[PDB]
Amino acid sequence: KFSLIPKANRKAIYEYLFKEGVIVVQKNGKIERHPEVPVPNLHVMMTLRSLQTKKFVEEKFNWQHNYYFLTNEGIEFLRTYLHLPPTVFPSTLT
Amino acid sequence: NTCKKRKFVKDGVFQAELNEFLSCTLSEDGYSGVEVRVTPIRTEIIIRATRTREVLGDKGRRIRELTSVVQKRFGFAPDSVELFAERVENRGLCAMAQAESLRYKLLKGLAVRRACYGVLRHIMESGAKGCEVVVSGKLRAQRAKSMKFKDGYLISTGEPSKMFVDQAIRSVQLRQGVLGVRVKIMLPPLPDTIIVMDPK
Amino acid sequence: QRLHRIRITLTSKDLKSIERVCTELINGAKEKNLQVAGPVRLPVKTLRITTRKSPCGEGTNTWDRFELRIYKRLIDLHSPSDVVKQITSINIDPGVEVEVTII
Amino acid sequence: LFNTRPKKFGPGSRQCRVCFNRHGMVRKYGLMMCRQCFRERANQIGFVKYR
RNA sequence: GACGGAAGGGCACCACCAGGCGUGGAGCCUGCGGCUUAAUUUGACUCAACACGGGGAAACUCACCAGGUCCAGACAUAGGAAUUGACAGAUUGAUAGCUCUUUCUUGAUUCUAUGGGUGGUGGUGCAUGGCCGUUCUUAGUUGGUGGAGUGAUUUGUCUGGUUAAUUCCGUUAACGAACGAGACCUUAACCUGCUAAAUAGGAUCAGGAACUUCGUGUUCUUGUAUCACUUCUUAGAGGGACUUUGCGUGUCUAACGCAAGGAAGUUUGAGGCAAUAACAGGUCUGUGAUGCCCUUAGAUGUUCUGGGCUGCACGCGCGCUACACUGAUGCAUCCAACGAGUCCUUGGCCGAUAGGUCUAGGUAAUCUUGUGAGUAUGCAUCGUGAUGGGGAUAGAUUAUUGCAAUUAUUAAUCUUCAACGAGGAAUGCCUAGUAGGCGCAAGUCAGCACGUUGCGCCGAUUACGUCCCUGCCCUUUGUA
């Protein structure tokens with residue numbers, strides 16, 4: 001909705017991205033939180049505006065919908081913040 | 001449910017929204033086209049390509065991205081959509097390949113004369129009947145001046161245009177502005193020609 | 001098994017896609033020799049949009065006349081549902097919406 | 001409180017998915033396509049013009 | 001090359017001819033000048049600006065104007081250890097804690113400053129892409145080798161006949177090719193043939209009602225009632241026109257005209273598609289197509305309340321309804337096709353009307369719907385009076401959409417009863433299911449069509465030629 005996203009709900013974005021490795025957000029600000037993760041839709045746009053400008057995630061637009069991919073240096077960052085076991089989620093694994 | 005006229009619209013726009021996305025992600029990959037084969041509760045989706053190395057990447061990295069990326073957006077079940085890469089035989093004839101090839105030659109920084117002949121040479125060698133390659137926009141000048149390149153015959157008109165040609169257009173971005181780039185490629189049962197037999 | 005009645009809908013954009021299916025599935029029925037009636041060709045629902053060609057107002061006010069075409073066609077049968085699942089599941093076509101229905 | 005009127009109906013409610021433009025919105029069969037956007041992608045959807 | 005109020009050819013109802021129906025006149029709707037205003041956002045100005053930007057604007061849209069918010073300013077470096085939610089009064093249109101007189105809370109998301117991003121319907125279409133219009137609905141346009149010329153260039157691409165056509169036969173320093181044209185694609189016309197249809201019907205065979213009882217005598221109605229059928233209905237496969245045949249017309253070569261036959265003989269009718277060159281055409285306001293510039297928190301970002309685009313001494317452009325008696329009005333009769341719906345609306349009650357209320361079918365060849373459309377037809381009253389033709393202008397009331405209808409969104413009911421008596425000079429559109437008239441449906445749409453795009457119905461007059469006007473194409477010719 002409005003204001004800074006809680007720091008628990010920061011990790012709600014990251015732990016979804018930690019498991020699955022994709023996260024697509026509709027461009028619209030007033031739109032409802034993205035289907036999937038129960039948060040505000042602005043907060044998903046803000047946290048991945050924050051993410052792309054320090055590299056890690058690979059942003060790709062088309063169609064208002066912003067189709068992110070997560071790189072090799074990206075999965076290092078989340079694991080450190082996440083504390084997930086190393087080698088926890090290979091994209092080579094099915 | 002929805003009605004059949006609305007269903008072909010909803011399924012039809014899904015093709016268009018899919019295709020322009022898979023143009024932009026597979027730009028440096030340099031793809032040919034797309035197709036879909038719906039079956040009951042297993043919606044298959046066939047990506048054609050010039051090269052298969054980038055699209056699978058490493059043990060199906062960028063396949064298993066694009067399986068996930070579709071089903072997040074349009075609201076499918078997990079493992080319902082599923083992508084298969086494919087090689088096109090006779091790969092030169094596709095027009096959207098060559099426009100995307102000619103993009104990265106200009107975008108890296110070659111002269112416009114040298115690059116466009118090289119793209120025109122490949123499609124002529126590959127066994128297209130004829131072709132052209134236009135490059136609009138400003139070039140060695142402040143006023144715009146569209147250079148044109150052409151070899152082999154190329155029809156413009158009729159319903160036989162749409163089948164026997166294949167035609168494509170892209171942007172490409174420079175320091176001073178945007179260039180255009182057209183490609184148009186005539187392929188190999190025509191209307192006009194009549195091949196008469198010998199009796200003996 | 002029991003005496004049933006099945007009437008399978010077929011719809012697509014192309015003519016050529018359905019004329020594969022109509023020829024194939026009747027011959028697929030005539031493997032087992034079920035009570036086939038021929039494919040009942042319904043009227044064609046032509047969809048239509050007319051937009052202006054130009055983005056802005058300038059020039060003469062010219063118009064596109066875009067069209068889709070949709071082809072409802074109906075293969076009739078009298079046979080139980082366990083028999084028909086072999087016929088339909090093999091030979092599925094690219095971009096042809098098909099739905100089997102009892103009665 | 002702020003940042004929302006009732007936005008339910010009229011041209012202000014809805015926009016072009018491809019280009020975000022309300023004007024020239026083709027809503028026949030539920031397209032939701034702005035006309036500049038719609039004509040160039042019409043062949044890829046299915047629509048082929050004749051007569 | 002272009003131009004000529006020079007010649008010789010061939011063409012178009014965006015040009016005349018012969019005409020048909022109009023506009024220009026009247027009021028009204030709607031667009032553009034101006035004039036006005038806090039603001040009346042702004043593009044485009046001969047054809048090719050002006051019911052055009054799918055532009056029918058109550059708010060939204062919105063660019064404009066008077067005010068009020070939020071940062072939705074990534075990240076880098078750095079100080080500080082920070083920023084938020086808000087009651088009841090104050091203050092404010094405001095139940096925006098915006099800011100406050102006060103005092104509870106928030107817990108490192110952000111604040112503070114410097115660099116730098118970010119965003120825009122800000123400016124530039126004379127920096128561009130893409131798209132469309134126009135030159136141009138016409139028949140035109142290139143290079144390869146060879147010939148001519150010191151060269152620009154030329155020849156091919158042509159005296160002549162023929163064609164809707166650089167389309168053909170032919171003539172030849174040209175020969176052989178490519179695009180355009182043609183072919184092609186879609187649709188409309190005719191098949192007692194082909195292949196079928198409880199989501200189209202017909203005919204049957206048995207039953208029901210009514211009149212007749214004349215008798216299987218006419219007209220309605222009935223059913224997974226049937227046996228079996230495809231003429232209409234629907235649509236896959238196809239057939240069908242080649243100017244075939246006859247007589248003229250021509251180096252009788254290319255091909256024209258006329259008559260007969262035929263569903264159809266202008267390429268059978270009507271469209272889509274559309275070359276090379278371009279034009280400082282239009283569009284930065286269709287865009288995540290974009291260079292550069294502007295500005296970026298006391299904002300041109302964004303969004304909320306209210307107004308405006310509709311404001312009127314007066315010019316100009318597309319349309320609608322009119323002036324009546326081939327008519328208006330009141331009753332009765334009975335006929336279309338294109339659509340379109342998760343909203344379209346039958347059925348029964350209430351109500352002069354609008355409309356409402358309670359059930360009800362429909363993801364649609366099944367339901368609305370066979371959409372009982374209106375010019376039309378039949379029977380009455382009116383009587384040439386601006387009259388009952390005309391329905392502007394204006395008061396008062398009842399419903400409907402919406403969160404909100406005042407500058408009145410419409411629809412009704414009663415009144416109010418103007419101009420206009422066939423339109424001055426100028427000038428548009430059009431050759432057969434065409435003109436004109438009469439409705440219907442869809443697009444934009446919560447609501448609103450006097451607008452556009454398609455659809456049928458009733459259905460004429462007059463040409464079948466021409467280069468006089470207005471343009472066009474090709475030669476020879478003149479040019480400062």
# chains A, B, ... in the order shown; residues from 1 in each chain; ligands from 1
call {"tool": "residues_around", "arguments": {"residues": "residue 282 of chain E", "least_positions_apart": "4", "cutoff": "10 Å", "atoms": "only C-alpha atoms (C1' of nucleotides)", "output": "PDB file with N, CA, C and O atoms (P, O5', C5', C4', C3', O3' and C1' of nucleotides), in the first residue's frame"}}
result
ATOM      1  N   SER C  54      -4.786   5.324 -39.983  1.00  0.00           N
ATOM      2  CA  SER C  54      -3.876   6.353 -39.472  1.00  0.00           C
ATOM      3  C   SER C  54      -3.871   6.388 -37.939  1.00  0.00           C
ATOM      4  O   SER C  54      -4.896   6.101 -37.315  1.00  0.00           O
ATOM      5  N   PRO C  55      -2.718   6.741 -37.328  1.00  0.00           N
ATOM      6  CA  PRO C  55      -2.709   7.018 -35.888  1.00  0.00           C
ATOM      7  C   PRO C  55      -3.396   8.337 -35.519  1.00  0.00           C
ATOM      8  O   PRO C  55      -4.162   8.375 -34.555  1.00  0.00           O
ATOM      9  N   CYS C  56      -3.122   9.390 -36.287  1.00  0.00           N
ATOM     10  CA  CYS C  56      -3.728  10.709 -36.095  1.00  0.00           C
ATOM     11  C   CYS C  56      -4.778  10.981 -37.173  1.00  0.00           C
ATOM     12  O   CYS C  56      -5.016  10.141 -38.043  1.00  0.00           O
ATOM     13  N   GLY C  57      -5.404  12.157 -37.113  1.00  0.00           N
ATOM     14  CA  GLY C  57      -6.534  12.485 -37.981  1.00  0.00           C
ATOM     15  C   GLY C  57      -6.240  12.790 -39.446  1.00  0.00           C
ATOM     16  O   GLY C  57      -7.169  12.845 -40.252  1.00  0.00           O
ATOM     17  N   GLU C  58      -4.967  12.990 -39.795  1.00  0.00           N
ATOM     18  CA  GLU C  58      -4.595  13.590 -41.085  1.00  0.00           C
ATOM     19  C   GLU C  58      -4.787  12.652 -42.275  1.00  0.00           C
ATOM     20  O   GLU C  58      -4.846  11.430 -42.121  1.00  0.00           O
ATOM     21  N   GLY C  59      -4.876  13.252 -43.459  1.00  0.00           N
ATOM     22  CA  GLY C  59      -5.210  12.542 -44.690  1.00  0.00           C
ATOM     23  C   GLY C  59      -6.688  12.222 -44.816  1.00  0.00           C
ATOM     24  O   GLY C  59      -7.507  12.695 -44.023  1.00  0.00           O
TER      25      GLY C  59
ATOM     26  P     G E  43      -1.340  24.684 -30.777  1.00  0.00           P
ATOM     27  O5'   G E  43      -0.791  23.287 -31.310  1.00  0.00           O
ATOM     28  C5'   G E  43      -0.699  23.014 -32.719  1.00  0.00           C
ATOM     29  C4'   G E  43      -0.819  21.530 -32.980  1.00  0.00           C
ATOM     30  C3'   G E  43      -1.112  21.145 -34.421  1.00  0.00           C
ATOM     31  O3'   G E  43       0.093  21.095 -35.181  1.00  0.00           O
ATOM     32  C1'   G E  43      -2.572  19.968 -32.970  1.00  0.00           C
ATOM     33  P     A E  44       0.393  22.198 -36.305  1.00  0.00           P
ATOM     34  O5'   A E  44      -0.631  21.816 -37.464  1.00  0.00           O
ATOM     35  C5'   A E  44      -0.479  20.596 -38.209  1.00  0.00           C
ATOM     36  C4'   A E  44      -1.729  20.283 -39.002  1.00  0.00           C
ATOM     37  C3'   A E  44      -2.290  21.413 -39.861  1.00  0.00           C
ATOM     38  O3'   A E  44      -1.602  21.490 -41.109  1.00  0.00           O
ATOM     39  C1'   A E  44      -4.046  20.386 -38.642  1.00  0.00           C
ATOM     40  P     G E 125       8.347  21.649 -34.694  1.00  0.00           P
ATOM     41  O5'   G E 125       8.134  20.440 -35.708  1.00  0.00           O
ATOM     42  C5'   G E 125       7.685  19.148 -35.257  1.00  0.00           C
ATOM     43  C4'   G E 125       8.411  18.061 -36.012  1.00  0.00           C
ATOM     44  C3'   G E 125       7.959  17.839 -37.456  1.00  0.00           C
ATOM     45  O3'   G E 125       9.084  17.881 -38.332  1.00  0.00           O
ATOM     46  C1'   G E 125       8.004  15.781 -36.267  1.00  0.00           C
ATOM     47  P     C E 132       0.622   1.475 -42.948  1.00  0.00           P
ATOM     48  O5'   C E 132      -0.117   2.876 -43.102  1.00  0.00           O
ATOM     49  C5'   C E 132      -1.426   3.085 -42.541  1.00  0.00           C
ATOM     50  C4'   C E 132      -1.792   4.551 -42.562  1.00  0.00           C
ATOM     51  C3'   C E 132      -1.937   5.188 -43.933  1.00  0.00           C
ATOM     52  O3'   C E 132      -3.180   4.852 -44.542  1.00  0.00           O
ATOM     53  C1'   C E 132      -0.764   6.651 -42.480  1.00  0.00           C
ATOM     54  P     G E 133      -3.349   4.947 -46.134  1.00  0.00           P
ATOM     55  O5'   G E 133      -3.285   6.514 -46.410  1.00  0.00           O
ATOM     56  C5'   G E 133      -4.417   7.359 -46.125  1.00  0.00           C
ATOM     57  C4'   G E 133      -4.053   8.814 -46.299  1.00  0.00           C
ATOM     58  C3'   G E 133      -3.839   9.276 -47.730  1.00  0.00           C
ATOM     59  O3'   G E 133      -5.073   9.515 -48.398  1.00  0.00           O
ATOM     60  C1'   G E 133      -2.161  10.188 -46.316  1.00  0.00           C
TER      61        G E 133
END
call {"tool": "interface_residues", "arguments": {"of": "chain E", "to": "chain A", "cutoff": "12 Å", "atoms": "only C-alpha atoms (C1' of nucleotides)", "output": "VMD selection string"}}
result
chain E and resid 70 to 72 74 to 76 83 to 85 107 to 110 117 to 118 287 to 288 302 to 303
call {"tool": "interface_residues", "arguments": {"of": "chain D", "to": "chain A", "cutoff": "8 Å", "atoms": "only C-alpha atoms", "output": "list in words"}}
result
residues 17, 18 and 19 of chain D
call {"tool": "write_last_selection", "arguments": {"atoms": "C-alpha atoms", "output": "CSV table (one decimal), in the first residue's frame"}}
result
chain,number,residue,atom,x,y,z
D,17,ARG,CA,-2.4,-3.1,-21.6
D,18,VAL,CA,0.2,-2.8,-24.3
D,19,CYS,CA,0.8,1.0,-24.2
call {"tool": "select_by_dssp", "arguments": {"residues": "segment 8-191 of chain B", "states": "alpha helix (DSSP H)", "output": "count of residues only"}}
result
70
call {"tool": "interface_residues", "arguments": {"of": "chain C", "to": "chain E", "cutoff": "10 Å", "atoms": "only C-alpha atoms (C1' of nucleotides)", "output": "PDB file with N, CA, C and O atoms, in the first residue's frame"}}
result
ATOM      1  N   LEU C  15      -9.499 -23.503 -41.763  1.00  0.00           N
ATOM      2  CA  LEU C  15     -10.231 -24.603 -42.408  1.00  0.00           C
ATOM      3  C   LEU C  15      -9.391 -25.877 -42.491  1.00  0.00           C
ATOM      4  O   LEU C  15      -9.892 -26.970 -42.214  1.00  0.00           O
ATOM      5  N   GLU C  19     -10.223 -30.059 -41.415  1.00  0.00           N
ATOM      6  CA  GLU C  19     -10.356 -31.050 -42.498  1.00  0.00           C
ATOM      7  C   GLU C  19      -9.354 -32.216 -42.423  1.00  0.00           C
ATOM      8  O   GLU C  19      -9.573 -33.256 -43.051  1.00  0.00           O
ATOM      9  N   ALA C  37     -22.375 -40.787 -37.959  1.00  0.00           N
ATOM     10  CA  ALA C  37     -22.928 -39.837 -38.930  1.00  0.00           C
ATOM     11  C   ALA C  37     -21.862 -38.818 -39.329  1.00  0.00           C
ATOM     12  O   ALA C  37     -20.915 -38.566 -38.577  1.00  0.00           O
ATOM     13  N   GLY C  38     -22.026 -38.230 -40.514  1.00  0.00           N
ATOM     14  CA  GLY C  38     -21.025 -37.330 -41.089  1.00  0.00           C
ATOM     15  C   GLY C  38     -20.962 -35.977 -40.396  1.00  0.00           C
ATOM     16  O   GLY C  38     -21.862 -35.633 -39.622  1.00  0.00           O
ATOM     17  N   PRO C  39     -19.900 -35.194 -40.673  1.00  0.00           N
ATOM     18  CA  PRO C  39     -19.602 -33.997 -39.885  1.00  0.00           C
ATOM     19  C   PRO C  39     -20.540 -32.829 -40.214  1.00  0.00           C
ATOM     20  O   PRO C  39     -20.516 -32.313 -41.333  1.00  0.00           O
ATOM     21  N   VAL C  40     -21.354 -32.426 -39.236  1.00  0.00           N
ATOM     22  CA  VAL C  40     -22.411 -31.434 -39.452  1.00  0.00           C
ATOM     23  C   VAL C  40     -21.809 -30.027 -39.394  1.00  0.00           C
ATOM     24  O   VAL C  40     -21.449 -29.547 -38.316  1.00  0.00           O
ATOM     25  N   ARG C  41     -21.708 -29.378 -40.554  1.00  0.00           N
ATOM     26  CA  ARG C  41     -21.033 -28.083 -40.676  1.00  0.00           C
ATOM     27  C   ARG C  41     -21.989 -26.930 -40.362  1.00  0.00           C
ATOM     28  O   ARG C  41     -22.882 -26.622 -41.156  1.00  0.00           O
ATOM     29  N   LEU C  42     -21.788 -26.302 -39.203  1.00  0.00           N
ATOM     30  CA  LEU C  42     -22.625 -25.186 -38.749  1.00  0.00           C
ATOM     31  C   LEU C  42     -22.257 -23.891 -39.483  1.00  0.00           C
ATOM     32  O   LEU C  42     -21.204 -23.827 -40.127  1.00  0.00           O
ATOM     33  N   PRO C  43     -23.122 -22.855 -39.401  1.00  0.00           N
ATOM     34  CA  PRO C  43     -22.777 -21.561 -40.007  1.00  0.00           C
ATOM     35  C   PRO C  43     -21.553 -20.875 -39.393  1.00  0.00           C
ATOM     36  O   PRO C  43     -21.282 -21.030 -38.199  1.00  0.00           O
ATOM     37  N   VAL C  44     -20.839 -20.117 -40.222  1.00  0.00           N
ATOM     38  CA  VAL C  44     -19.527 -19.566 -39.875  1.00  0.00           C
ATOM     39  C   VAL C  44     -19.709 -18.239 -39.141  1.00  0.00           C
ATOM     40  O   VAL C  44     -20.251 -17.287 -39.705  1.00  0.00           O
ATOM     41  N   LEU C  47     -16.123 -12.870 -37.123  1.00  0.00           N
ATOM     42  CA  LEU C  47     -15.897 -11.703 -36.265  1.00  0.00           C
ATOM     43  C   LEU C  47     -15.281 -10.573 -37.080  1.00  0.00           C
ATOM     44  O   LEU C  47     -14.601 -10.826 -38.074  1.00  0.00           O
ATOM     45  N   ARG C  48     -15.523  -9.334 -36.651  1.00  0.00           N
ATOM     46  CA  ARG C  48     -15.184  -8.143 -37.439  1.00  0.00           C
ATOM     47  C   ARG C  48     -14.779  -6.979 -36.534  1.00  0.00           C
ATOM     48  O   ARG C  48     -15.490  -6.657 -35.580  1.00  0.00           O
ATOM     49  N   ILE C  49     -13.628  -6.372 -36.829  1.00  0.00           N
ATOM     50  CA  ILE C  49     -13.258  -5.053 -36.305  1.00  0.00           C
ATOM     51  C   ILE C  49     -12.888  -4.137 -37.475  1.00  0.00           C
ATOM     52  O   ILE C  49     -12.169  -4.552 -38.388  1.00  0.00           O
ATOM     53  N   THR C  50     -13.390  -2.902 -37.438  1.00  0.00           N
ATOM     54  CA  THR C  50     -12.956  -1.832 -38.340  1.00  0.00           C
ATOM     55  C   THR C  50     -12.370  -0.677 -37.531  1.00  0.00           C
ATOM     56  O   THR C  50     -13.109   0.075 -36.889  1.00  0.00           O
ATOM     57  N   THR C  51     -11.043  -0.554 -37.554  1.00  0.00           N
ATOM     58  CA  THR C  51     -10.340   0.626 -37.037  1.00  0.00           C
ATOM     59  C   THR C  51      -9.881   1.524 -38.182  1.00  0.00           C
ATOM     60  O   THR C  51      -9.808   1.088 -39.335  1.00  0.00           O
ATOM     61  N   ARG C  52      -9.573   2.778 -37.854  1.00  0.00           N
ATOM     62  CA  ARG C  52      -8.869   3.673 -38.780  1.00  0.00           C
ATOM     63  C   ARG C  52      -7.424   3.217 -38.981  1.00  0.00           C
ATOM     64  O   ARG C  52      -6.797   2.693 -38.056  1.00  0.00           O
ATOM     65  N   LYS C  53      -6.911   3.416 -40.195  1.00  0.00           N
ATOM     66  CA  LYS C  53      -5.524   3.073 -40.526  1.00  0.00           C
ATOM     67  C   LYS C  53      -4.536   4.021 -39.849  1.00  0.00           C
ATOM     68  O   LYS C  53      -3.571   3.573 -39.224  1.00  0.00           O
ATOM     69  N   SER C  54      -4.786   5.324 -39.983  1.00  0.00           N
ATOM     70  CA  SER C  54      -3.876   6.353 -39.472  1.00  0.00           C
ATOM     71  C   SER C  54      -3.871   6.388 -37.939  1.00  0.00           C
ATOM     72  O   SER C  54      -4.896   6.101 -37.315  1.00  0.00           O
ATOM     73  N   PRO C  55      -2.718   6.741 -37.328  1.00  0.00           N
ATOM     74  CA  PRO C  55      -2.709   7.018 -35.888  1.00  0.00           C
ATOM     75  C   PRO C  55      -3.396   8.337 -35.519  1.00  0.00           C
ATOM     76  O   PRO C  55      -4.162   8.375 -34.555  1.00  0.00           O
ATOM     77  N   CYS C  56      -3.122   9.390 -36.287  1.00  0.00           N
ATOM     78  CA  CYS C  56      -3.728  10.709 -36.095  1.00  0.00           C
ATOM     79  C   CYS C  56      -4.778  10.981 -37.173  1.00  0.00           C
ATOM     80  O   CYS C  56      -5.016  10.141 -38.043  1.00  0.00           O
ATOM     81  N   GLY C  57      -5.404  12.157 -37.113  1.00  0.00           N
ATOM     82  CA  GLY C  57      -6.534  12.485 -37.981  1.00  0.00           C
ATOM     83  C   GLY C  57      -6.240  12.790 -39.446  1.00  0.00           C
ATOM     84  O   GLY C  57      -7.169  12.845 -40.252  1.00  0.00           O
ATOM     85  N   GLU C  58      -4.967  12.990 -39.795  1.00  0.00           N
ATOM     86  CA  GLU C  58      -4.595  13.590 -41.085  1.00  0.00           C
ATOM     87  C   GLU C  58      -4.787  12.652 -42.275  1.00  0.00           C
ATOM     88  O   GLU C  58      -4.846  11.430 -42.121  1.00  0.00           O
ATOM     89  N   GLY C  59      -4.876  13.252 -43.459  1.00  0.00           N
ATOM     90  CA  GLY C  59      -5.210  12.542 -44.690  1.00  0.00           C
ATOM     91  C   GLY C  59      -6.688  12.222 -44.816  1.00  0.00           C
ATOM     92  O   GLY C  59      -7.507  12.695 -44.023  1.00  0.00           O
ATOM     93  N   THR C  60      -7.026  11.421 -45.826  1.00  0.00           N
ATOM     94  CA  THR C  60      -8.378  10.879 -45.976  1.00  0.00           C
ATOM     95  C   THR C  60      -8.645   9.806 -44.921  1.00  0.00           C
ATOM     96  O   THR C  60      -7.749   9.032 -44.571  1.00  0.00           O
ATOM     97  N   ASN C  61      -9.881   9.767 -44.426  1.00  0.00           N
ATOM     98  CA  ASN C  61     -10.251   8.884 -43.321  1.00  0.00           C
ATOM     99  C   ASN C  61     -10.437   7.450 -43.818  1.00  0.00           C
ATOM    100  O   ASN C  61     -11.554   7.024 -44.119  1.00  0.00           O
ATOM    101  N   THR C  62      -9.323   6.726 -43.910  1.00  0.00           N
ATOM    102  CA  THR C  62      -9.294   5.353 -44.422  1.00  0.00           C
ATOM    103  C   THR C  62      -9.413   4.337 -43.288  1.00  0.00           C
ATOM    104  O   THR C  62      -9.070   4.634 -42.141  1.00  0.00           O
ATOM    105  N   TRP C  63      -9.892   3.142 -43.630  1.00  0.00           N
ATOM    106  CA  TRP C  63     -10.289   2.126 -42.650  1.00  0.00           C
ATOM    107  C   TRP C  63      -9.763   0.746 -43.043  1.00  0.00           C
ATOM    108  O   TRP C  63      -9.810   0.372 -44.216  1.00  0.00           O
ATOM    109  N   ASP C  64      -9.264  -0.001 -42.057  1.00  0.00           N
ATOM    110  CA  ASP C  64      -9.119  -1.460 -42.172  1.00  0.00           C
ATOM    111  C   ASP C  64     -10.476  -2.155 -42.062  1.00  0.00           C
ATOM    112  O   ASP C  64     -11.409  -1.621 -41.457  1.00  0.00           O
ATOM    113  N   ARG C  65     -10.567  -3.344 -42.656  1.00  0.00           N
ATOM    114  CA  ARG C  65     -11.671  -4.274 -42.409  1.00  0.00           C
ATOM    115  C   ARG C  65     -11.113  -5.643 -42.025  1.00  0.00           C
ATOM    116  O   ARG C  65     -11.032  -6.555 -42.853  1.00  0.00           O
ATOM    117  N   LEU C  74     -19.375 -30.797 -36.091  1.00  0.00           N
ATOM    118  CA  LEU C  74     -19.897 -31.763 -35.118  1.00  0.00           C
ATOM    119  C   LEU C  74     -19.865 -33.189 -35.681  1.00  0.00           C
ATOM    120  O   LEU C  74     -20.637 -33.520 -36.585  1.00  0.00           O
ATOM    121  N   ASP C  76     -20.872 -36.910 -35.105  1.00  0.00           N
ATOM    122  CA  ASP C  76     -21.900 -37.640 -34.349  1.00  0.00           C
ATOM    123  C   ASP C  76     -21.488 -39.099 -34.144  1.00  0.00           C
ATOM    124  O   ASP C  76     -20.874 -39.702 -35.028  1.00  0.00           O
TER     125      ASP C  76
END
call {"tool": "interface_residues", "arguments": {"of": "chain A", "to": "chain B", "cutoff": "9 Å", "atoms": "only C-alpha atoms", "output": "PyMOL selection string"}}
result
chain A and resi 20-25+35-36+60-63+65+67-69+91-94
call {"tool": "closest_residue", "arguments": {"among": "E:174, E:96, E:289, E:59", "to": "chain B", "atoms": "only C-alpha atoms (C1' of nucleotides)"}}
result
E:289
call {"tool": "closest_residue", "arguments": {"among": "A:27, A:32, A:59, A:18", "to": "residue 81 of chain A", "atoms": "only C-alpha atoms"}}
result
A:18
call {"tool": "interface_residues", "arguments": {"of": "chain C", "to": "chain B", "cutoff": "8 Å", "atoms": "only C-alpha atoms", "output": "number ranges by chain"}}
result
C: 45, 47, 70, 92-97
call {"tool": "interface_residues", "arguments": {"of": "chain D", "to": "chain E", "cutoff": "9 Å", "atoms": "only C-alpha atoms (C1' of nucleotides)", "output": "PyMOL selection string"}}
result
chain D and resi 1-13+18-26+28+34-37+40+49-51
call {"tool": "closest_residue", "arguments": {"among": "B:103, B:91, B:108, B:162", "to": "residue 127 of chain B", "atoms": "only C-alpha atoms"}}
result
B:91
